Amino acid sequence: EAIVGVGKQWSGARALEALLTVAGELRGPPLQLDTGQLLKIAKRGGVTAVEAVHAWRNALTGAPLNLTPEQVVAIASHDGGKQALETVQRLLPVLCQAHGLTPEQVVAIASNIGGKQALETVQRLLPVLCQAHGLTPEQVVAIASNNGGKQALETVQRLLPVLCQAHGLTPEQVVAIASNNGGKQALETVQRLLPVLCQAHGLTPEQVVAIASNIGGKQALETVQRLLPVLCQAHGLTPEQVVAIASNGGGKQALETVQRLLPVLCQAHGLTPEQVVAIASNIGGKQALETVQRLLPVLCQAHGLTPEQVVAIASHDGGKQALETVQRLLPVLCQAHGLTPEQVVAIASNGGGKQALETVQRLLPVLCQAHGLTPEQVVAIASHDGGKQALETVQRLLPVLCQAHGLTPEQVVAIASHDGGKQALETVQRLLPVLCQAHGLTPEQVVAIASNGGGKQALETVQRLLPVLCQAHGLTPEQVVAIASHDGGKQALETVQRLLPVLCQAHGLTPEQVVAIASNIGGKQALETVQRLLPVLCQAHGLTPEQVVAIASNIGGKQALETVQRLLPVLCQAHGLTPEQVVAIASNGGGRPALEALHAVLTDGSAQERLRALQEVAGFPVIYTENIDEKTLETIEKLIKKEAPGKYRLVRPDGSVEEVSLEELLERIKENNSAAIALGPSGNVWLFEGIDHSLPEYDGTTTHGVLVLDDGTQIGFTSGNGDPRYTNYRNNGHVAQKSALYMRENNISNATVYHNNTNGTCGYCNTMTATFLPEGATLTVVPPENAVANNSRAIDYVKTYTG
DNA sequence: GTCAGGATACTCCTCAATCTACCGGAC
DNA sequence: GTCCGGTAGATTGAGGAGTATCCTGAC
Ligand SMILES: [Zn+2]
């Protein structure tokens, strides 16, 4: 097949005849090219590249150019390869020695279609772009290293000051646009279409750039200009969904395909617009859109896959390739290799899914029979972006890591599983004998660093910074390893290296507090966010440095830090939550979703929803107004006066809240017998109208109960947030415990408490309830009497406890 | 014969969120 | 013998990014 691949090119017959003539010496010491490299040049570079590499072989290698055989093939195997090979020979000495470019950067420029043109254009414009527009050598090379690099370089030279000054486009965004093929066209299109897309279509400059920053930016932008109002008005898609499709490579093709297939996929195939857009918003969107359009029924009716599984497979780059591979290969992996269809889909639903699927098909027998891996381990490695690369690396490298360095197969698999597993595996092979000897790290510590996403980067960064962090700042090597042991370890390590002395000298944090923040997944993000927000939270909201660190030192620290700064005003001033309680929520992982969900339910919820949300999160007893006797009405007035609450709020059945006086509420609780009084020890009193006044069904989480007193007073309790003074009690936070403690504080000698819990009352209530009760008091605990138990030593019957 | 542009597929690195086990008193 | 409350380690999903191959049109 490779011979045909050459024969069908513009110089196919000539390249094959020339290659056979010169292969005798291309395989020699000067280059030592193998069969793939020899045909690769003939296929892509053609006859001129084949003759050029041979004829100039004595200058390309063994000369001050130091252009290795692999770099020669990379340059030769392009249209115009002969031209790039001569040009890199002429300019490489100058670009490196005079302009300071790394030989790898010059080769990266040479290894493109039109490499000669990019090489000469960089030689001319590099000092101009750097000195006139502030573009670093890395940015100019990034522009140059493309097909048509010359055109991207010249266009940036002309258009950067126009886009920056006329439209406010950041110079880095101009480079980002010119960082792919067609950079000239994307820049010109942005200049032409920004007035239209931002004014007529209502798109932001960031959205226009995001589209332009991909390959085919001109085509995606022009297509959005035409199709966005059609997709929005005819099919009910939001501008964000149209841009999201356009913001992937090949956006034009996905946009037109959605317009054509969306009404068919929804009406005939039963897919939602969100599923179609999700498929469309990728590279090769149109391919997989049409692929499901035709394979969806087949995979469902013949292969037994659900629409959700097929859409999931289609939602990754190259979705068509994973879809077609599953079509033909699923019955082989599940029958010849015995894999569960869910495992094959799990592999298929990845970037490069076709490659992981085909690799398992051919490689699973080797990893299991030769290297001793289980099918679950091989699938686990396969089900990741780049799974093919990790699988091949394990096959060849595992016995070297195990036999030469003493690692277990499980440690190799653990490294292999993560995205970039190939890179972490090779990096451990190189650095493991250095890290464990030059710095004295334990091999388990190096593996712990390696077994993370981006492990290669953390391994190299520890090798560089470990002897500096432990000396310039005095950190313990264990602290550096701990920082390195999370995804993105390089980023946390570099941030600590530069930022620790600032957080200590300016913000007053200890090195241990800086490490505690750094040792997370979002380490760099939490570290930099604390630097900016700590004095703002402390001065604006009265937080201590310890509270800011407590929020930062978790997963999602940046998100919790900003959310607390954002939501504290409304959470405390409007909803009556204590700032410490908002911090307590933020101190947990996922702090922001928790506070946003609390905000949403407290803002748009009904009186019943706000009562449950506030009581479960804040903690307070609730007194129901159904009993309107003078004795209980006076109890409420007396309890309030003793506390002097700062705010009083009335909550209407529809969820709206008004600021009220105490006198108004005291009248309402007497007249309104469909209401509940919430007495927050923080100094916040609510009156809720229009609630259920009952116990919701037990849903397997925080539950409810009611305490009924002799005089008819009914006190509602929730489980969960208990009394800090009794933390050491294993019944703390239970309805029976809150009832017994309520009776103690209120000198109640008799009460009965009812709760809904279909799993039974836990055994801890059987002795601790009497302890919490004051001497002489009796509490009757009544189960729902609709279930027995879900554990041992549970109470399914009414029991009385006396203090 | 090179060169510019577009579409498509694959691989590597960071960041949150969520999801399970641990781990702790005290009748 | 939780309806509790951290703690560290383990998936699960999503987005930005650098790397790679292929085709088509115009000279
Ligand atoms: Zn209990």
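Reminder, nothing fancy here: chain letters follow the sequence lines and each chain counts from 1.
Listed nucleotides C:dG6, C:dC22, B:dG6 differ in distance to A:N588; the shortest reach to its side chain belongs to C:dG6. Distance from the side chain of A:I521 is smallest for B:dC15 among the nucleotides B:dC27, B:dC15, B:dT2. Checking B:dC27, B:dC15, C:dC3 against every side-chain atom of A:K524, the shortest atom distance belongs to B:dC15. Minimum atom distance to the side chain of A:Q185 is reached by B:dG5, of the listed B:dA9, B:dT14, B:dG5. Listed candidates were B:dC27, C:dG5, B:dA4. Nearest to the side chain of A:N721 is C:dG5. Of the candidates B:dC3, B:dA26, C:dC22, the closest approach to any side-chain atom of A:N728 belongs to B:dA26.
Rounded to an integer number of Å, the gap from A:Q37 CD to C:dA20 P is 14 Å. One interatomic measurement links the two molecules: CG of A:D419 to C1' of B:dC10, which rounds to 12 Å at whole-angstrom precision. In this structure, A:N756 atom CG and C:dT2 atom P are separated by 19 Å, rounded to whole Å.
The separation of C:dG18 from B:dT8, taken at their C1' atoms, amounts to 16 Å, rounded to a whole angstrom. For C:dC23 and B:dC10, the P atoms lie 15 Å apart once the distance is rounded to whole Å.
Residues B:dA17 and C:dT11 show canonical Watson-Crick or G-U wobble pairing, with both defining distances under 3.5 Å. In this structure C:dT12 is paired with B:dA16, meeting the Watson-Crick or G-U wobble definition at both distances under 3.5 Å. Nucleotides B:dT18 and C:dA10 satisfy the base-pair criterion: a Watson-Crick or G-U wobble arrangement whose two donor-acceptor distances both fall under 3.5 Å.
In this structure, A:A586 and A:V564 approach most closely via the heavy-atom pair CB-CG2, 3.2 Å.
Side-chain N/O atoms of A:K43 include none lying less than 4.0 angstrom from OP1 or OP2 on C:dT21. The side chain of A:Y698 places an N or O atom within less than 4.0 Å of a non-bridging phosphate oxygen (OP1 or OP2) of C:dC3. Contact between the side-chain N/O atoms of A:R44 and the OP1/OP2 oxygens of C:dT21 is not found at any separation under 4.0 Å.
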